[PDB]
Amino acid sequence: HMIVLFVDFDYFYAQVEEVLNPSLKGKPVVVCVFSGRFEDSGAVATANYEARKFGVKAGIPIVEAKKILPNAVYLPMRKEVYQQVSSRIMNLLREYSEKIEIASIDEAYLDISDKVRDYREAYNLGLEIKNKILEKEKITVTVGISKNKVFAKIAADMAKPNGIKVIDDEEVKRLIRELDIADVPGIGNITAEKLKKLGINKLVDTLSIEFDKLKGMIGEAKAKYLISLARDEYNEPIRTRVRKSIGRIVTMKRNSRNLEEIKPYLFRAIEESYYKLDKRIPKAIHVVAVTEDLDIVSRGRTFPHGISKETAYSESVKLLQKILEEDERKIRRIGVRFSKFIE
DNA sequence: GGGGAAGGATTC
DNA sequence: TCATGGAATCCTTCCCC
Ligand SMILES: Nc1ccn([C@H]2C[C@H](O)[C@@H](COP(=O)(O)OP(=O)(O)OP(=O)(O)O)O2)c(=O)n1
Ligand SMILES: [Mg+2]
Ligand SMILES: [Mg+2]
């Protein structure tokens, strides 16, 4: 057969805060990244469902949130803490399948093909899984089940929150036909608008255009991706993800183009980036700057060997110098990203 | 001879 | 200070050796 079971934790961060403070439950809760630039500068990382009903969701400014919802609990985000809960939950999942792809802090794919003989037993597995996370972590999750990762992902998107959905073989075929292509994982705002403009609305539409014409408009990779899902021939195996880069970006108190004013922030970011590397060694470093009008600009360097902390400090100042004498705009956010890990 | 670096798009 | 975090995947483009 080939059964994938996907698990996505409901309103994750905000839910961990309710579990930690069960008096929050049933009322609006908003998890915030406060940038420190003025009282309440920053964005919302997520909010529970009672906040979302009023428009308060992930990505908006805290300032927006607070004008639509004065009276909500606003909490700073403590990713560490959510990461500890996630790991315990990923270890429960591990118990239902050896073959598990941890996709992020709040979601994982299980290949349950050897555990379960059909979609009916998969569902029942969906449910002991749900009852088990609830019993052990007091966290509700949504489960999607289907023949591959993507449809398993779509199935969970359609059933959230606290849901479980199967998209069996006939349903795959219906969805390829009626599912708005904007709802396919990995297809964003810019790509969807490109596709509408050409009048491609459904996965099915992609089988009836010059592949070469699709590829032009959206890139070879997305074309191929969509077409393979539209042919029902998508079957990327469940695999261990290997982290490829680590980094840190911060917001300055104020916009500067002044190197001595910027460096305490760059060095702050190297030191936290280096600490999180823990034992792995990068051959590439990039300095990333977000300018006052929000363009992203970066300069990097790839060395034939690993970059020690001391080389990071001197390469990063140099790369900052290159940014500063290229672009004339002032800098609002500065950070560093290490990648191309040895071994 | 590509290849590497900068940016694009998406998602966390 | 004067909405627009932080983070990490591909992938694409385009310039120079
Ligand atoms: N712009 C964003 C979007 C999400 N997240 C974080 C907060 C979420 O708790 C977590 C997982 O994202 P989801 O899309 O799964 O959304 P939630 O889990 O919050 O809600 P739900 O899945 O219930 O829609 O990632 C973030 O930091 N920044
Ligand atoms: Mg998720
Ligand atoms: Mg979620």
Side-chain angles (χ1 to χ4, degrees), chain A residues 8-9 11-13 30-47 56-68 74 76-80 82-83 86 101-107 153 157 182-195 215-225 236 239 241-255 265 268-269 272-273 276 282-304 319 322-323 326-327 332-341:
Chain A
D8 184 320
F9 316 145
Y11 59 107
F12 202 27
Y13 294 181
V30 189
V31 180
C32 304
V33 193
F34 293 95
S35 69
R37 219 162 133 97
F38 58 86
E39 183 174 285
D40 294 327
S41 75
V44 176
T46 179
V56 177
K57 64 180 205 229
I60 70 167
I62 302 179
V63 175
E64 288 303 318
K66 273 192 187 286
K67 72 199 210 175
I68 301 155
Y74 286 83
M77 144 160 181
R78 317 183 270 179
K79 178 96 113 104
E80 233 130 29
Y82 315 140
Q83 174 57 67
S86 172
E101 175 170 341
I102 294 161
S104 63
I105 192 171
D106 106 318
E107 76 194 47
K153 182 153 188 50
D157 296 335
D183 290 335
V184 176
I187 284 316
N189 281 293
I190 284 134
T191 307
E193 301 295 92
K194 287 174 185 181
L195 290 179
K215 156 188 145 88
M217 200 53 43
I218 58 167
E220 180 229 46
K222 281 166 187 62
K224 261 161 176 196
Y225 174 62
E236 308 293 0
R239 240 130 257 266
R241 275 151 190 237
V242 152
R243 235 180 204 95
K244 273 168 192 66
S245 67
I246 278 179
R248 174 84 172 102
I249 299 144
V250 281
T251 297
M252 318 209 265
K253 237 65 124 55
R254 64 101 165 272
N255 297 4
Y265 297 99
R268 74 107 84 255
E272 287 172 17
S273 282
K276 312 189 262 185
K283 298 194 290 321
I285 186 187
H286 281 86
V287 168
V288 172
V290 176
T291 57
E292 38 170 333
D293 51 359
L294 323 175
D295 248 54
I296 297 167
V297 165
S298 77
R299 295 297 183 273
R301 189 174 160 179
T302 295
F303 288 87
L319 297 159
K322 216 202 226 261
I323 285 168
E326 220 121 318
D327 232 87
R332 175 193 164 90
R333 310 182 52 234
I334 184 65
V336 292
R337 187 131 218 107
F338 301 89
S339 70
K340 299 193 182 81
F341 295 150

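Order of the sequence lines fixes the chain letters, A, B, ..., with proteins taken first and strands second; residue numbering starts at 1 for each chain. As a basis for the values below, the full set of heavy atoms in this structure was taken, side chains included, without hydrogen atoms, waters or symmetry mates.
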Taking only nitrogen or oxygen atoms into account, show me every contact under 3.5 Å that the protein makes with nucleotides 15-17 of chain C, one pair per line with its distance.
none

Salt bridge (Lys or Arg N to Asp or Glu O under 4.0 Å) with A/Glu220: which residues, sequence neighbours excluded?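 So A/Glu220 forms a salt bridge (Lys or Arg N to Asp or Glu O under 4.0 Å) with A/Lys224.
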Could you work out, with salt bridge (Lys or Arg N to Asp or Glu O under 4.0 Å) as the rule, every residue matching A/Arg299, not counting sequence neighbours?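 With neighbours one apart ignored, the set is A/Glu326.
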Touch check for [X], heavy atoms < 4.0 angstrom, all strands: base, sugar-phosphate only, or nothing?
| X | value |
| --- | --- |
| A/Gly247 | sugar-phosphate |
| A/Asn189 | sugar-phosphate |
| A/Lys194 | sugar-phosphate |
| A/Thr191 | sugar-phosphate |
| A/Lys215 | nothing |

Length of the line joining [X]:[atom1] and [N]:[atom2], which is rounded to integer Å:
| X | N | atom1 | atom2 | result |
| --- | --- | --- | --- | --- |
| A/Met77 | C/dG6 | CE | P | 10 Å |
| A/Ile334 | C/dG5 | CD1 | P | 14 Å |
| A/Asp327 | B/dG7 | CG | P | 8 Å |
| A/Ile187 | B/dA9 | CD1 | P | 12 Å |
| A/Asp40 | C/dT4 | CG | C1' | 14 Å |
| A/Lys340 | C/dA8 | NZ | P | 16 Å |
| A/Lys253 | C/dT1 | NZ | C1' | 11 Å |
| A/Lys322 | B/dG4 | NZ | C1' | 12 Å |

For DNA chain C, whose closest nucleotide is more 5', that of A/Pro61 or that of A/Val242?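 Result of the comparison: A/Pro61.
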Respond yes when some side-chain nitrogen or oxygen of [X] is under 4.0 Å from OP1 or OP2 of [N], and no when none is.
| X | N | result |
| --- | --- | --- |
| A/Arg337 | C/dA7 | no |
| A/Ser245 | C/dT9 | yes |
| A/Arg37 | C/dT4 | no |
| A/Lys79 | C/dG5 | no |
| A/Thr251 | C/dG6 | yes |
| A/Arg248 | C/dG6 | no |

Any [X] side-chain heavy atom under 4.5 Å of [Y] side chain:
| X | Y | value |
| --- | --- | --- |
| A/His286 | A/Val336 | no |
| A/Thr291 | A/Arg332 | no |
| A/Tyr13 | A/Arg78 | no |

Nearest-Å distance once atom P is located in both C/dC2 and C/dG6: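 C/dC2 and C/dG6 have their P atoms separated by 14 Å.
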Could you please name the option among [options] that lies closest to any side-chain atom of [X]?
| X | options | value |
| --- | --- | --- |
| A/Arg243 | B/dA5, C/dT4, C/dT9 | C/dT9 |
| A/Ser35 | C/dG6, C/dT9, B/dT10 | C/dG6 |
| A/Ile246 | C/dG5, C/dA8, B/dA9 | C/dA8 |
| A/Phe38 | C/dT4, C/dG6, C/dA8 | C/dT4 |

Does NZ or CZ of A/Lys66 lie under 6.0 Å from the centre of the six-membered ring of A/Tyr74, at an angle within 45° of the ring axis? yes
Check whether A/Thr251 reaches the backbone of A/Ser35 with its side chain - one donor and one acceptor, N or O, closer than 3.5 Å. no
Looking at A/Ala269, is its backbone amide N or carbonyl O close enough to the side chain of A/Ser273 to form a donor-acceptor pair, meaning the two atoms are under 3.5 Å apart? yes
Give none if B/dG1 has no partner; otherwise give the nucleotide forming a Watson-Crick or G-U wobble pair with it, both distances under 3.5 Å.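 WC or wobble partner does not exist here.
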Taking any strand in view, what nucleotide pairs with C/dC17 in a Watson-Crick or G-U wobble way, both distances under 3.5 Å? none
Crowded around [X] [atom1]? As in, over 12 foreign heavy atoms under 6.0 Å?
| X | atom1 | result |
| --- | --- | --- |
| A/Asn189 | CG | no |
| A/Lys276 | NZ | yes |
| A/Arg241 | CZ | yes |
| A/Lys283 | NZ | yes |

Pucker class of C/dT9, where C1'-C2'-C3'-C4' positive means north and negative means south: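 By the sign criterion, C/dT9 is north.
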Determine if the base of B/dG4 is syn or anti; take syn to mean the glycosidic torsion is within 90° of 0. anti
Which of residues 286-302 of chain A have a heavy atom under 4.0 Å from DNA chain B?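 Residues of residues 286-302 of chain A under 4.0 Å from DNA chain B: A/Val297, A/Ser298, A/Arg299, A/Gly300, A/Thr302.
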Can you list the residues that meet the side chain to side chain contact (heavy atoms under 4.5 Å, CB included) rule with A/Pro76, with sequence neighbours excluded?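 Result, side chain to side chain contact (heavy atoms under 4.5 Å, CB included) vs A/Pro76: A/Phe34.
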Please find the pair of heavy atoms, one from A/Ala65 and one from A/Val44, that lie closest to each other, and give the distance.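 Looking at all heavy atoms of both residues, the closest pair is CB-CG2, 4.2 Å.
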Protein and nucleotides 11-13 of chain C: nitrogen or oxygen contacts under 3.5 angstrom:
from, atom 1, to, atom 2, distance (Å)
C/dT12, OP1, A/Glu220, N, 2.7
C/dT12, OP1, A/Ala221, N, 2.7

